[PDB]
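Remarks on the structure that follows.
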Amino acid sequence: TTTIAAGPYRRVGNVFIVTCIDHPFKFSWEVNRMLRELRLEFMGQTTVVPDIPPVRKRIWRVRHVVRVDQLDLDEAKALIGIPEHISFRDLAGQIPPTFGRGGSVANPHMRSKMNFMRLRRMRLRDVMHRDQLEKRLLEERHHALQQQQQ
Amino acid sequence: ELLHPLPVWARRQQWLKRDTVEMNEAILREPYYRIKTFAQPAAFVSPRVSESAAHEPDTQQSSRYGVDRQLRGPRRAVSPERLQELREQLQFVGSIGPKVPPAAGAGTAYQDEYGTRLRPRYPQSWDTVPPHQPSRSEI
Amino acid sequence: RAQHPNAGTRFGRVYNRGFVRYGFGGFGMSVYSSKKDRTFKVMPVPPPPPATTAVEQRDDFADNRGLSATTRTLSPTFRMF
Amino acid sequence: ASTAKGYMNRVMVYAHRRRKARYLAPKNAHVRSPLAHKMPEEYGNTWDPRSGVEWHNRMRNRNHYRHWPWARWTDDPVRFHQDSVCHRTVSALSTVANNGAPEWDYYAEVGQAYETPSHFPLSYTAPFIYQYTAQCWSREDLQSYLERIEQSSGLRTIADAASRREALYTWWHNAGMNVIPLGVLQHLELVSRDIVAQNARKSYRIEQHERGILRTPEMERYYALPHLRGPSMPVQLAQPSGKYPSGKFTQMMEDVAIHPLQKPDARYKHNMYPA
Amino acid sequence: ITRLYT
Amino acid sequence: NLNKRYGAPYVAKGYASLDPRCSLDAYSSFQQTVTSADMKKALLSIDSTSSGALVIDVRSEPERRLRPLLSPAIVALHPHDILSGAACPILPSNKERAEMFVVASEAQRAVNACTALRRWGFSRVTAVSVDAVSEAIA
Amino acid sequence: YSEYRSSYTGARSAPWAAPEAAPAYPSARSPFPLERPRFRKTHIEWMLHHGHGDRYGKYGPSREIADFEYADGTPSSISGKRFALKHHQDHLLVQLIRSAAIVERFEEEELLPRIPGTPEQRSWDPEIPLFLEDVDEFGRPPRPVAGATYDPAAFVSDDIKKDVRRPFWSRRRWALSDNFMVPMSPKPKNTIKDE
Amino acid sequence: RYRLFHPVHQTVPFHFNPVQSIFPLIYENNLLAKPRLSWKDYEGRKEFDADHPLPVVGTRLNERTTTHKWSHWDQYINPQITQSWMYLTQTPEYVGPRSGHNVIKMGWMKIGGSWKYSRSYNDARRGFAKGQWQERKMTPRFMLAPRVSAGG
Amino acid sequence: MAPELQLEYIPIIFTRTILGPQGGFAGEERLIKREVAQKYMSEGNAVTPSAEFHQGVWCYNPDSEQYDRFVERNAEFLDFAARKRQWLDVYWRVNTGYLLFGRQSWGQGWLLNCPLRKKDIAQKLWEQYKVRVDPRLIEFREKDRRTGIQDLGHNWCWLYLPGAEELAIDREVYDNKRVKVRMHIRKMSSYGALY
Amino acid sequence: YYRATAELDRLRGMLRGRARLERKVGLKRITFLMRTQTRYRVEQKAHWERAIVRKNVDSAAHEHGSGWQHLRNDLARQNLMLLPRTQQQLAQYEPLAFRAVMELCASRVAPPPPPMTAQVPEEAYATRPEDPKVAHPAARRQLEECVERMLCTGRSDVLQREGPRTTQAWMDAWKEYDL
RNA sequence: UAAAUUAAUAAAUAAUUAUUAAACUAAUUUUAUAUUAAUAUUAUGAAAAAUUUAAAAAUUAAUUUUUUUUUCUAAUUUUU
Ligand SMILES: [Mg+2]
């Protein structure tokens, strides 16, 4: 209406949807490195990366390999039916941090000892459970004994 | 070796290539954000400057009219004050921490009724698939 | 002879059809060129009927018209609901 | 496509080696090349090529460079990670005095973009001084110190507090000394000698950009044409065409069109009997 | 070869 | 054999569709003037019950603290949010009927920000007065 | 009975336009925004356009809908491959929600730069204008009153000129045209760095 | 043509997986998170109704097994089953006799495998040279160092 | 000053008007290489900036061939020796530079399969030499006005430096209004080649 | 190295002369003729075999004046999703039904719209004043849109009424378990 | 995969590979990462490029390649 709109100005980021259109095995070891940091190896793979600055370089180096698409965040809160009031830093604050392939630790061994202990803190979760039953029965067997003499 | 010419058909599908890259780097020089207002519509038309050869206008039989149906539509959270009017109603059911139970009318919590390890008996089927092995989400 | 794994094709070398063409680089071999492709290529399209509609029956890449313009014969019998 | 039994067993028709982890860097080791052991952005550094085996043994954490940066960050040879602000003070009331002393320049070596011109009041260098003195004075406390300086002393501007560091202190000694911790002052002196410095480096950077030095935001030179003050294509400065100017009309070679009534030069053919 | 599961 | 498949607006295209001419016209508007009435008309655009701030100030954040002009709710945009195109989602629809203004610390930035606007398809903006809009308090 | 969902919520947008009105056909020109080649959607851009993947049985109503069901109605069971699809679907949402739970963070701490394009990129492309603020891009401002315009089109002529034959049909114009460089015969691709 | 221009926004269609899938009560604002964490966590096939039991159509993980020999735990629990000396099987750590050629530089090869790459296994089976300097060139590190303390 | 550490280039006020890149013109102050400048202060084309020369200097006219022409450097000339330098710095930068390429070329005709755009020369001007221009000025040759550059090896194309008439700039550059930017298209495999 | 002899030893019974008699030449033949089938079959049979099916439907689309060049793209336009192996069954065994697909594509009928992504039911934008006994406006929104669709599928006994069945009481079928 | 110190010219060394085993140091996305130790080790020369020595008439330097298809099916690169 011929006027610079007036109101409390919120800023919305962008979210890039990246696909892979050229094979990775034709390119260098650095270009393959960027694709790896975009969770992209095979042709036809597809990921949803943010528009943060150090991603903008990774995507830039491999522009000749990927086919990007940009979404403003409001154009993402509707691509998946999302109420406008719910942000995303509370939606993620709900999913567990151990989603499929939890971490990316520095080598497939450190991966295999990050999944190991994760399969241990399950064992301990039942074992910290099985003694917490005993420690309460033991603290009662003490009071039944103690109060027995009175 | 390289004996006979690139079938001049093929180099055309390679002129589409540089005109793909010439369309990526048009995306990779967009501003990192967009100064937007609450009151105004979400994305009344408000696209990027991608009105070079604009298509799919038909508002149905158009791919985007699952989305811009809601963008162009009047934005409900019309002010930062209206946001807290809306953000103060949502709960977090599973998040770590303490809560205040009687904040509702008469609800009596669930996790303190069937314990923490037991999950409701979800009907497993093709269409309805519930989370499997729930004791692996405790990190 | 330096017999090291990773120094060439791991165990000997084989020429499968995905290699004799599409060699290292995609051109791809110097010998064993490839078999000629003796499949059955589809035939090119018949001519469309004359226009006599004035509805721009000529336009090929338009939203309204499906590519095929086949108004052949007892097609009016194929009345669809 | 041609997927065959497993992750990383895709196309399997091209003859590349799958299962080869192309993302991982080459083990250049002994080979001598600028491309050695360098993250690809550091390729232009051909003055410190990182070839050689010992660079393979120490970038990679090999035999006895097993903790290679034998002195990485997080050690200080000098002050051993203890803040140098004396708390053992004569009077407990005045222990809070020493808080906020500058351990180094804090302002020049960082190189912040102080967009404050040197003639602003002092109260507009508070947002900078704070970011190095929180845990010492609340932000709204500085605006009580960085105003009593403006009110009591004869100093008002960032340029003043850089030209009157002597006249300022002598005020503080004989008038302040009970409220304004001199920590602020030597902080106030360290910014006012920077905001004044940078404005000299900005005002110069704008004054060359007219004289035609033309460097980018990241300060790399970029060469670009000046603005036009006269006719674009030179007229009294034009170099001669450079090809022998036998015009199209002295030898009517081509590109010449003539009315048929006005046909020229047939003095022996059809101009002898002109019409 | 570390997987990604994309 | 391009320009047969693609048009002439191919290879003969100076893809620099950014600023071959607008920058000049930016220094044109710089020349003429802006004054009270040139704000008083904008005052009527503030008098218009529809409140979309007309003028905008591209000035450093320490500067505006010194001479605050934010009174009529005018827009304070960092000069890159204009240049980069991050401000188009708040900019009038009538590119040919709207004329906002641009205040700035020293008039070189103003024209250097208004040329960014005219690069974004905007037609009328006379592009500066750091002191008038304060003398026109409204 | 058969079923046709096409989405998690059902409620397909009405397929038929109106009792008799125009039918509103979809855009059938491929989104390749140059307008000169004028392509067509190619039966994979017309499978994507209908909400499959680039293949028939990926992401589409051909993969969500049950293989079968016990004729009484008792539904199928969770195929060991089906569950791994629901995890792949959720892994895209979470790939989107996380990748916006980071952005919704960055704008909070102003961490998003105002200058668009990484440092290395901006040196590479000359269409992102330099982000000088208080100077002019090309040195001094047009101090001279412009009314100062150069039009590329006047002097820069890119004309695809037909290389004209030396006209043999007329005698004199054959002799002038005899550009004495027909001794191009010294074009042997000779040894350019040895003798 | 194979250079398709489409909104790659199309290739991950969210028609079937909107946030009402992973967050099943979000239009209910309580925002509960019930995702499917991994393909690993899949508990298994389960009859939705008891009347339609899932068929027993075995796989290469059932129809191809072997009789359970008694492990040293099953004989530690119930010593009533160690009924013959064929039940006193060796230590569990003893997997069995050597069954492959640990050729150097190439893993552990099977017997009957390929000897294209055992060029130096056929040469590290003869044994180290006996009575011969280990260091063929480069002035053996022992000879370089000086004799000290005539006895040692 | 030491015999080891010598100023790699020194300040210089030109008296004559030298054509070369290190050259200048009448009365401008330029930091030209030391070895070159040192055979100017002997030659007389230049003199180190003593405080006296910073106001006027007796430059040279080829008319009478002696140092008679007094060119006084007031603030106005210092707005003239800037635009005249800033101009012929773009000249001597693109004319000296030899901007390289890496491209893909299958087939036999040594033909670059995705031929070059006037976009893709201003792009390799700003990339390598930081010369920021309008790609509307770059006129291609006749062989490459149709299909773009299109061929490997050495190509050149003309860049039109328009605004050189009020700078009085001729005979000190090879062509007042053009300059030959000199491509070269070093074909490369998918490893290092783009597009 | 194990030549799977006992897997080939009984299958030389269908080779020809010299191969059947001797073994080391019988195996060598079949363990090659087998070794090339399962290499021909994985990488070469389809892109031949799936060209007979294309050459069939084409020349069966060709009878009706359309080509495969036009039919292959005019099917995906109509979201019709018939794999070519099926169009070849229709080209032969159900000719009329095939030409029905033919006359459909050539028709100017509006192809079905792409599916709409999930929408936000507008009750998420109201804040229910939480009373224990009244349902949230977004549940009784979802429910009615899930019960109207359960009455949609299959002729059943569920409150069997002509056409659309009974709903406003189906949503409140919990009170029928209430005391 | 490697390609360096040395050889009256290759049983020896690096580097690689291998067997066995390891610990989660700022840098970022909520991204992504095979880094090591201990031993075993009869090896001197890298397609197509990009260039560089050389009468080379190839050798040499160079540095990225360097293929193991469960079965039915689907497909976007066409001896026009
Ligand atoms: Mg097959």
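Chain labels follow the order of the structure tokens: the first chain is A, the next B, and so on; residue numbering restarts at 1 in every chain, and ligands are counted from 1 in their shown order.
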
Requested in this report: Considering only C-alpha atoms (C1' of nucleotides), return as a PyMOL selection string whatever protein or nucleic-acid residues lie within 12 Å of segment 27-38 of chain J, sequence-local ones (same chain, fewer than 3 positions apart) excluded.
Outcome: (chain C and resi 16-17) or (chain J and resi 2-24+41-45) or (chain K and resi 69-71)

| query | Near residue 17 of chain K, within 9 Å and counting only C-alpha atoms (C1' of nucleotides), which residues show up once chain neighbours fewer than 4 positions away are dropped, as a ChimeraX atom specification? | reply | /C:4-6 /H:104-107 /K:1,41

Hey, can you spit out that residue selection with N, CA, C and O atoms (P, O5', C5', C4', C3', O3' and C1' of nucleotides) as a PDB file, in the first residue's frame?
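Done, and the output landed in result_28.pdb:
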ATOM      1  N   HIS C   4      50.680 -56.081  -4.516  1.00  0.00           N
ATOM      2  CA  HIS C   4      50.021 -55.541  -3.350  1.00  0.00           C
ATOM      3  C   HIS C   4      48.549 -55.396  -3.639  1.00  0.00           C
ATOM      4  O   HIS C   4      48.190 -54.876  -4.702  1.00  0.00           O
ATOM      5  N   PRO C   5      47.666 -55.874  -2.773  1.00  0.00           N
ATOM      6  CA  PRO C   5      46.277 -55.441  -2.858  1.00  0.00           C
ATOM      7  C   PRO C   5      46.235 -53.927  -2.933  1.00  0.00           C
ATOM      8  O   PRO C   5      47.073 -53.238  -2.353  1.00  0.00           O
ATOM      9  N   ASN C   6      45.268 -53.416  -3.676  1.00  0.00           N
ATOM     10  CA  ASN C   6      45.036 -52.006  -3.950  1.00  0.00           C
ATOM     11  C   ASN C   6      45.999 -51.471  -4.998  1.00  0.00           C
ATOM     12  O   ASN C   6      45.988 -50.267  -5.243  1.00  0.00           O
TER      13      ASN C   6
ATOM     14  N   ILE H 104      50.540 -62.536   4.760  1.00  0.00           N
ATOM     15  CA  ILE H 104      50.843 -61.179   5.178  1.00  0.00           C
ATOM     16  C   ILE H 104      50.442 -60.221   4.072  1.00  0.00           C
ATOM     17  O   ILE H 104      50.510 -60.552   2.886  1.00  0.00           O
ATOM     18  N   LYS H 105      49.980 -59.043   4.475  1.00  0.00           N
ATOM     19  CA  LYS H 105      49.503 -57.972   3.609  1.00  0.00           C
ATOM     20  C   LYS H 105      48.141 -58.265   3.005  1.00  0.00           C
ATOM     21  O   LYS H 105      47.543 -57.374   2.398  1.00  0.00           O
ATOM     22  N   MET H 106      47.626 -59.486   3.155  1.00  0.00           N
ATOM     23  CA  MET H 106      46.274 -59.819   2.692  1.00  0.00           C
ATOM     24  C   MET H 106      45.547 -60.637   3.750  1.00  0.00           C
ATOM     25  O   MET H 106      45.465 -61.852   3.624  1.00  0.00           O
ATOM     26  N   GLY H 107      44.984 -59.980   4.751  1.00  0.00           N
ATOM     27  CA  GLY H 107      44.125 -60.659   5.702  1.00  0.00           C
ATOM     28  C   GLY H 107      44.521 -62.064   6.111  1.00  0.00           C
ATOM     29  O   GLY H 107      45.701 -62.363   6.289  1.00  0.00           O
TER      30      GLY H 107
ATOM     31  P     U K   1      43.127 -45.838  -2.793  1.00  0.00           P
ATOM     32  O5'   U K   1      44.559 -45.687  -3.466  1.00  0.00           O
ATOM     33  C5'   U K   1      45.448 -46.783  -3.548  1.00  0.00           C
ATOM     34  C4'   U K   1      46.286 -46.882  -2.307  1.00  0.00           C
ATOM     35  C3'   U K   1      47.617 -46.168  -2.331  1.00  0.00           C
ATOM     36  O3'   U K   1      47.552 -44.768  -2.157  1.00  0.00           O
ATOM     37  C1'   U K   1      47.954 -48.318  -1.539  1.00  0.00           C
ATOM     38  P     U K  41      57.501 -61.450   9.650  1.00  0.00           P
ATOM     39  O5'   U K  41      57.099 -60.956   8.208  1.00  0.00           O
ATOM     40  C5'   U K  41      57.671 -59.780   7.684  1.00  0.00           C
ATOM     41  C4'   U K  41      56.955 -59.341   6.440  1.00  0.00           C
ATOM     42  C3'   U K  41      57.784 -58.481   5.511  1.00  0.00           C
ATOM     43  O3'   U K  41      58.548 -59.261   4.617  1.00  0.00           O
ATOM     44  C1'   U K  41      55.748 -57.398   5.948  1.00  0.00           C
TER      45        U K  41
END

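From atom CA of residue 82 of chain B back to atom CA of residue 77 of chain F, the distance works out to 24.3 Å.
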
Practice problem: For residue 3 of chain E, list every protein, DNA or RNA residue within 9 Å, evaluated using only C-alpha atoms (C1' of nucleotides), and leave out those in the same chain fewer than 4 positions away; present the list as a ChimeraX atom specification. | Solution: /A:101 /D:7-8

Residues from last step as file, N, CA and C atoms, as a tab-separated table (two decimals), in the first residue's frame:
chain	number	residue	atom	x	y	z
A	101	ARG	N	21.38	-43.51	14.12
A	101	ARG	CA	22.79	-43.14	13.97
A	101	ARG	C	23.08	-41.88	14.78
D	7	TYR	N	24.42	-51.55	1.61
D	7	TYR	CA	24.89	-50.18	1.59
D	7	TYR	C	26.28	-50.18	0.97
D	8	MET	N	26.60	-49.13	0.24
D	8	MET	CA	27.84	-48.97	-0.51
D	8	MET	C	27.98	-49.98	-1.64

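With only C-alpha atoms and all ligand atoms as the atoms that count, the minimum distance from ligand 1 to the choices J:125, J:25, J:48, J:152 is reached by J:48.
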
Need to verify the contact set: residue 177 of chain G, 9 Å, only C-alpha atoms (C1' of nucleotides), exclusion of same-chain residues closer than 2 positions in sequence. Can you return it as a PyMOL selection string? (chain D and resi 253) or (chain G and resi 166-167+172-175+179-180)

Write the residues you've just listed into a file as a PDB file, in the first residue's frame, and include N, CA and C atoms for each of them.
ATOM      1  N   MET D 253      33.745  -1.691 -53.613  1.00  0.00           N
ATOM      2  CA  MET D 253      33.918  -3.128 -53.446  1.00  0.00           C
ATOM      3  C   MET D 253      32.620  -3.806 -53.041  1.00  0.00           C
TER       4      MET D 253
ATOM      5  N   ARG G 166      34.523 -14.364 -51.911  1.00  0.00           N
ATOM      6  CA  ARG G 166      35.197 -13.498 -52.868  1.00  0.00           C
ATOM      7  C   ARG G 166      34.468 -13.573 -54.198  1.00  0.00           C
ATOM      8  N   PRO G 167      33.758 -12.541 -54.613  1.00  0.00           N
ATOM      9  CA  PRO G 167      32.845 -12.703 -55.742  1.00  0.00           C
ATOM     10  C   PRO G 167      33.568 -12.991 -57.036  1.00  0.00           C
ATOM     11  N   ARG G 172      36.337  -7.485 -61.562  1.00  0.00           N
ATOM     12  CA  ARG G 172      37.126  -6.533 -60.792  1.00  0.00           C
ATOM     13  C   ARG G 172      36.991  -6.781 -59.296  1.00  0.00           C
ATOM     14  N   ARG G 173      35.779  -7.025 -58.810  1.00  0.00           N
ATOM     15  CA  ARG G 173      35.614  -7.250 -57.385  1.00  0.00           C
ATOM     16  C   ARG G 173      36.237  -8.556 -56.942  1.00  0.00           C
ATOM     17  N   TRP G 174      36.625  -9.411 -57.882  1.00  0.00           N
ATOM     18  CA  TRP G 174      37.385 -10.599 -57.528  1.00  0.00           C
ATOM     19  C   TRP G 174      38.839 -10.254 -57.269  1.00  0.00           C
ATOM     20  N   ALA G 175      39.330  -9.183 -57.887  1.00  0.00           N
ATOM     21  CA  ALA G 175      40.742  -8.845 -57.784  1.00  0.00           C
ATOM     22  C   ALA G 175      41.024  -7.972 -56.571  1.00  0.00           C
ATOM     23  N   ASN G 179      42.395 -10.640 -50.856  1.00  0.00           N
ATOM     24  CA  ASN G 179      43.139 -10.388 -49.638  1.00  0.00           C
ATOM     25  C   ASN G 179      44.419 -11.201 -49.660  1.00  0.00           C
ATOM     26  N   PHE G 180      45.555 -10.515 -49.678  1.00  0.00           N
ATOM     27  CA  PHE G 180      46.805 -11.219 -49.912  1.00  0.00           C
ATOM     28  C   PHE G 180      47.252 -11.943 -48.655  1.00  0.00           C
TER      29      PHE G 180
END

Run DSSP on the backbone and grab whatever in segment 31-172 of chain D lands in alpha helix (DSSP H); send it over as a compact mmCIF listing (two decimals) with N, CA, C and O atoms, in the first residue's frame.
# COMPACT_ATOMS: atom_id res chain seq x y z
N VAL D 53 57.56 -36.64 5.71
CA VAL D 53 56.95 -37.68 6.54
C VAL D 53 56.63 -37.14 7.92
O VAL D 53 55.60 -37.49 8.51
N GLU D 54 57.49 -36.28 8.47
CA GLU D 54 57.26 -35.79 9.82
C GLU D 54 55.99 -34.97 9.89
O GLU D 54 55.35 -34.89 10.94
N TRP D 55 55.61 -34.34 8.79
CA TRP D 55 54.32 -33.68 8.76
C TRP D 55 53.20 -34.70 8.64
O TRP D 55 52.07 -34.44 9.05
N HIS D 56 53.50 -35.86 8.07
CA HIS D 56 52.56 -36.96 8.12
C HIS D 56 52.50 -37.56 9.51
O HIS D 56 51.43 -37.97 9.97
N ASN D 57 53.64 -37.62 10.20
CA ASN D 57 53.63 -38.14 11.56
C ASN D 57 53.03 -37.18 12.56
O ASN D 57 52.76 -37.60 13.69
N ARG D 58 52.84 -35.92 12.22
CA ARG D 58 52.44 -35.01 13.27
C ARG D 58 51.11 -34.32 13.00
O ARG D 58 50.42 -33.95 13.95
N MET D 59 50.73 -34.11 11.74
CA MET D 59 49.34 -33.76 11.48
C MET D 59 48.44 -34.91 11.90
O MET D 59 47.64 -34.79 12.84
N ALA D 126 30.45 3.05 26.34
CA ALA D 126 30.14 2.07 27.37
C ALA D 126 29.81 0.69 26.81
O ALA D 126 30.25 -0.30 27.42
N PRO D 127 29.06 0.54 25.72
CA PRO D 127 28.77 -0.83 25.25
C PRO D 127 30.01 -1.60 24.84
O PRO D 127 29.96 -2.84 24.77
N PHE D 128 31.12 -0.92 24.55
CA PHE D 128 32.35 -1.63 24.23
C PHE D 128 33.12 -1.98 25.48
O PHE D 128 33.58 -3.11 25.64
N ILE D 129 33.29 -1.01 26.38
CA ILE D 129 34.09 -1.23 27.57
C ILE D 129 33.51 -2.36 28.41
O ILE D 129 34.23 -3.10 29.08
N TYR D 130 32.19 -2.50 28.37
CA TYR D 130 31.53 -3.49 29.21
C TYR D 130 31.95 -4.89 28.84
O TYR D 130 32.34 -5.68 29.70
N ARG D 139 26.22 -3.54 33.68
CA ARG D 139 26.22 -2.60 32.56
C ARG D 139 25.62 -1.27 32.96
O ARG D 139 26.13 -0.21 32.60
N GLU D 140 24.53 -1.30 33.73
CA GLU D 140 23.90 -0.06 34.14
C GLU D 140 24.72 0.65 35.20
O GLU D 140 24.43 1.79 35.56
N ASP D 141 25.74 -0.02 35.74
CA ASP D 141 26.63 0.67 36.66
C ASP D 141 27.63 1.53 35.90
O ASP D 141 27.93 2.65 36.31
N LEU D 142 28.18 1.01 34.80
CA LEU D 142 29.09 1.80 33.99
C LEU D 142 28.46 3.12 33.59
O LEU D 142 29.10 4.17 33.68
N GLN D 143 27.19 3.09 33.20
CA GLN D 143 26.52 4.31 32.80
C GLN D 143 26.30 5.24 33.98
O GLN D 143 25.69 6.31 33.83
N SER D 144 26.75 4.85 35.17
CA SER D 144 26.85 5.80 36.26
C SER D 144 28.28 6.30 36.40
O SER D 144 28.51 7.42 36.88
N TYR D 145 29.25 5.49 35.99
CA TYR D 145 30.63 5.96 35.99
C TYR D 145 30.93 6.76 34.74
O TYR D 145 31.52 7.84 34.81
N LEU D 146 30.52 6.26 33.59
CA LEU D 146 30.76 6.96 32.33
C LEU D 146 29.81 8.12 32.11
O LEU D 146 29.71 8.62 30.99
N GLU D 147 29.10 8.56 33.15
CA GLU D 147 28.43 9.85 33.13
C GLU D 147 29.01 10.83 34.13
O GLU D 147 29.08 12.02 33.83
N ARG D 148 29.44 10.36 35.30
CA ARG D 148 30.07 11.25 36.25
C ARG D 148 31.38 11.78 35.69
O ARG D 148 31.80 12.89 36.02
N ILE D 149 32.02 11.00 34.82
CA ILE D 149 33.19 11.50 34.11
C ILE D 149 32.81 12.65 33.20
O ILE D 149 33.50 13.68 33.15
N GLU D 150 31.69 12.52 32.48
CA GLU D 150 31.28 13.58 31.57
C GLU D 150 30.79 14.80 32.33
O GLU D 150 31.00 15.93 31.89
N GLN D 151 30.14 14.58 33.46
CA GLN D 151 29.60 15.70 34.22
C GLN D 151 30.69 16.44 34.99
O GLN D 151 30.81 17.66 34.89
N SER D 152 31.48 15.70 35.76
CA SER D 152 32.46 16.34 36.63
C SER D 152 33.64 16.88 35.84
O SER D 152 33.98 18.06 35.97
N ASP D 160 38.40 13.64 23.13
CA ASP D 160 38.96 14.31 24.29
C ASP D 160 39.69 13.33 25.20
O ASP D 160 40.87 13.53 25.52
N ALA D 161 39.02 12.24 25.58
CA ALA D 161 39.62 11.28 26.50
C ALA D 161 40.85 10.61 25.91
O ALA D 161 41.55 9.87 26.61
N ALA D 162 41.12 10.83 24.63
CA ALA D 162 42.35 10.38 24.01
C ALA D 162 43.41 11.47 23.95
O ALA D 162 44.60 11.15 23.84
N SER D 163 43.00 12.73 24.00
CA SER D 163 43.93 13.85 23.99
C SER D 163 44.18 14.43 25.38
O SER D 163 45.09 15.25 25.53
N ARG D 165 44.39 12.42 28.45
CA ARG D 165 44.52 11.33 29.42
C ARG D 165 45.18 11.82 30.70
O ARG D 165 44.88 11.33 31.78
N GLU D 166 46.06 12.82 30.59
CA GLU D 166 46.65 13.39 31.79
C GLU D 166 45.66 14.25 32.55
O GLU D 166 45.52 14.13 33.77
N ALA D 167 44.95 15.13 31.84
CA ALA D 167 44.00 16.02 32.50
C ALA D 167 42.84 15.24 33.09
O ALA D 167 42.22 15.69 34.06
N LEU D 168 42.52 14.08 32.52
CA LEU D 168 41.43 13.28 33.05
C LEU D 168 41.82 12.61 34.35
O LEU D 168 41.12 12.75 35.36
N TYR D 169 42.93 11.87 34.35
CA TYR D 169 43.37 11.21 35.57
C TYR D 169 43.45 12.19 36.73
O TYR D 169 42.90 11.93 37.80
N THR D 170 44.13 13.32 36.53
CA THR D 170 44.28 14.29 37.60
C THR D 170 42.94 14.72 38.15
O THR D 170 42.81 15.00 39.35
N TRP D 171 41.92 14.79 37.30
CA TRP D 171 40.58 14.97 37.83
C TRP D 171 40.19 13.79 38.70
O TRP D 171 39.75 13.97 39.84
N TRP D 172 40.36 12.58 38.18
CA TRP D 172 39.92 11.41 38.92
C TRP D 172 40.63 11.32 40.26
O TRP D 172 40.01 10.99 41.27

### chain K contacts on chain A, only C-alpha atoms (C1' of nucleotides), 10 Å, as a PyMOL selection string
chain A and resi 25-29+33-39+49-55+92-93+97+103-111+113-114

task: From a DSSP calculation on the backbone, collect every residue of chain B in strand (DSSP E) and output the set as a VMD selection string.
output: chain B and resid 34 to 37

Store the residues picked out above, limited to N, CA, C and O atoms, as a CSV table (one decimal), in the first residue's frame.
chain,number,residue,atom,x,y,z
B,34,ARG,N,15.1,-13.0,6.0
B,34,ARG,CA,14.2,-12.1,5.4
B,34,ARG,C,13.5,-11.3,6.5
B,34,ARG,O,12.8,-11.8,7.3
B,35,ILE,N,13.7,-10.0,6.5
B,35,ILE,CA,13.1,-9.1,7.5
B,35,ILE,C,11.6,-9.2,7.2
B,35,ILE,O,11.2,-8.7,6.2
B,36,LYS,N,10.8,-9.7,8.2
B,36,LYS,CA,9.4,-9.9,8.0
B,36,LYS,C,8.6,-9.3,9.1
B,36,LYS,O,9.2,-9.0,10.1
B,37,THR,N,7.4,-9.0,8.8
B,37,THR,CA,6.5,-8.4,9.9
B,37,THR,C,5.5,-9.4,10.4
B,37,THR,O,5.1,-10.3,9.6

Show me, as a ChimeraX atom specification, the residues that have an atom within 10 Å of residue 130 of chain G when counting only C-alpha atoms (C1' of nucleotides), minus same-chain residues fewer than 3 positions from it.
/D:215-218,222 /F:83 /G:115,122-123,126-127,133,136-137 /I:132

Which residues, written as a short mmCIF file (atom, residue, chain, number, x, y, z; two decimals) with C-alpha atoms, in the first residue's frame, have at least one atom at most 8 Å from residue 74 of chain A, with only C-alpha atoms (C1' of nucleotides) counted and residues fewer than 6 positions away on the same chain left out?
data_model
loop_
_atom_site.label_atom_id
_atom_site.label_comp_id
_atom_site.auth_asym_id
_atom_site.auth_seq_id
_atom_site.Cartn_x
_atom_site.Cartn_y
_atom_site.Cartn_z
CA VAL A 12 13.08 -15.82 9.21
CA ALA B 42 3.14 -14.80 6.02
CA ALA B 43 4.19 -14.87 2.37
CA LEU B 71 1.03 -18.48 3.74
#
